[PDB]
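As numbered in PDB author numbering, residues 143 to 455, 482 to 568 make up the sequence shown, in order.
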Amino acid sequence: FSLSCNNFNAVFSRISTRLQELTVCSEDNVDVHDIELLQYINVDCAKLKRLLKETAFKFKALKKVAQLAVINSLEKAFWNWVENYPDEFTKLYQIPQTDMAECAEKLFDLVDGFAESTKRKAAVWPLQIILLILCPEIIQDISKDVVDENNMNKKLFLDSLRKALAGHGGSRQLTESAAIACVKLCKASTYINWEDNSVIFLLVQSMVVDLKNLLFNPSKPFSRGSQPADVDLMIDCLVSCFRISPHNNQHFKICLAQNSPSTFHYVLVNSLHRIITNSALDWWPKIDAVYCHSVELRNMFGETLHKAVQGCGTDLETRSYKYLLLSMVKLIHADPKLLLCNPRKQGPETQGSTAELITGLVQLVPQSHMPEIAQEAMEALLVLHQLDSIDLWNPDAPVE
């Protein structure tokens with residue numbers, strides 16, 4: 143990635159050769175590793191246009207295996223640009239650019255032709271949305287009357303997505319795919335300032351309500367594959383949704399509720415963990431909004447701690489707690505003010521809240537049952553000693 147910053151052509155030339163070799167040859171080969179270098183090369187807006195144009199010309203003649211690799215690799219290329227160059231993404235919707243729109247549309251059609259079977263549709267759907275996002279006005283027309291051919295194929299795809307997203311269709315594979323695709327759309331929306339207030343915001347609103355019921359139904363655990371639930375997927379959704387509507391989130395409570403399964407707890411804390419550590423855009427909401435829930439967070443710490451220690455002195485249920493406990497400890501390490509807000513203050517007959525927190529952390533240091541946790545609790549307790557964090561223990565009297 144660092145090398146690609148300057149000498150882009152050198153890397154870029156090597157890829158172009160492999161495509162031509164595969165293009166002319168007719169005996170399918172599996173040495174696509176040259177193709178898969180797109181995932182790492184630094185990309186800028188102008189450079190990205192080049193990638194689409196070159197692949198577009200050569201895509202149709204490629205073999206089946208080659209076609210998949212370029213699609214995935216090209217998909218991950220999109221995110222590299224967005225993160226590394228946030229500003230350029232805003233300007234795309236701020237001011238129209240036909241050239242960007244034109245290249246995506248041609249590529250859009252080629253992919254759609256490529257995918258016919260349900261298995262194919264599952265693979266390619268995540269990409270197609272990204273391209274559709276790239277051409278803004280085609281969305282507007284899709285909402286209104288549809289052109290004979292210009293916006294005909296697009297509108298058919300967009301509504302086809304929703305059916306599986308709502309579970310109407312009797313296809314599990316597409317149901318899983320629709321989730322991934324929608325999430326990326328939700329994630330991408332976050333970057334748009336919303337001052338444009340384009341259809342992008344409106345389009346997401348249509349799918350958000352359906353999406354949440356699919357991923358955040360305690361009765362039914364969404365299980366993509368071997369794992370009981372796609373923990374990684376849920377984190378992406380919740381983090382994004384927060385940024386869109388931070389004022390009063392309604393599903394924070396669903397996870398934060400004690401009755402919900404642990405995984406909902408696990409997803410919650412990690413979700414708060416990204417908020418603290420990765421906030422590039424200033425106009426995003428910040429962790430301060432969540433301080434109001436501190437009281438409920440602490441109770442979760444207490445109960446998890448109580449059961450975690452007891453087990454060490482079912483099979484996976486016990487193991488689950490330890491993982492949750494480790495995550496909670498790391499959270500305090502990241503930010504101590506999150507859990508210290510709204511202090512209870514020492515009761516005449518009962519201990520306070522800052523005290524009960526420390527005592528729980530201390531009884532883990534000498535454990536040696538859970539060496540990883542013990543190591544962490546040391547760092548956590550060492551951060552609550554910085555001069556800055558001493559004040560929060562009891563703001564009434566910090567030196568008693």
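Cβ atoms here follow ideal geometry from the backbone N, Cα and C, with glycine treated the same way.
In this chain, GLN392 is not harboured by any alpha helix (DSSP H), its DSSP state being neither H nor E.
For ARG487, the enclosing alpha helix (DSSP H) begins and ends at 483-502. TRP221 carries a helical assignment under DSSP once its states are collapsed to helix, strand and coil. The three-state reading of DSSP puts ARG262 in helix, counting H, G and I together.
The C-beta of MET294 has fewer than 16 other C-beta atoms within 10 Å across all chains shown, which makes the residue exposed. Rounded to whole angstroms, the separation of the alpha carbons of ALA208 and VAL172 is 8 Å. Rounded to whole angstroms, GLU178 and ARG160 show a C-alpha spacing of 11 Å. Apart from the 5 residues on each side of it in sequence, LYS218 sits with its Cβ closer than 6 Å to the Cβ of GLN181 in its chain, given in chain order. It is roughly 8 Å from the alpha-carbon of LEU316 to the alpha-carbon of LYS263.
The beta carbon of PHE384 is closer than 8 Å to those of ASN391, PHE394, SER413, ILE417 and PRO427 in its chain, skipping five residues each way along the sequence. Taking C-beta atoms as the reference points, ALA243 and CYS277 count as a pair closer than 8 Å. Within the segment 314-357, complete alpha helix (DSSP H) segments of at least 4 residues are found at 314-331 and 341-357, given in chain order. Per the C-alpha coordinates, the member of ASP241, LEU307, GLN452 and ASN149 positioned closest to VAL325 is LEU307. Non-local beta-carbon contacts of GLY311 in its own chain, meaning distances under 6 Å to residues more than five positions away in sequence, involve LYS305 in chain order. For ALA257 and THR446, the gap between their C-alpha atoms comes out near 48 Å.
If you look at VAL409, you'll find it in the alpha helix (DSSP H) that goes 404-419. Between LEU499 and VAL411 the beta-carbon gap is near 6 Å, inside 8 Å, which marks them as a contact.
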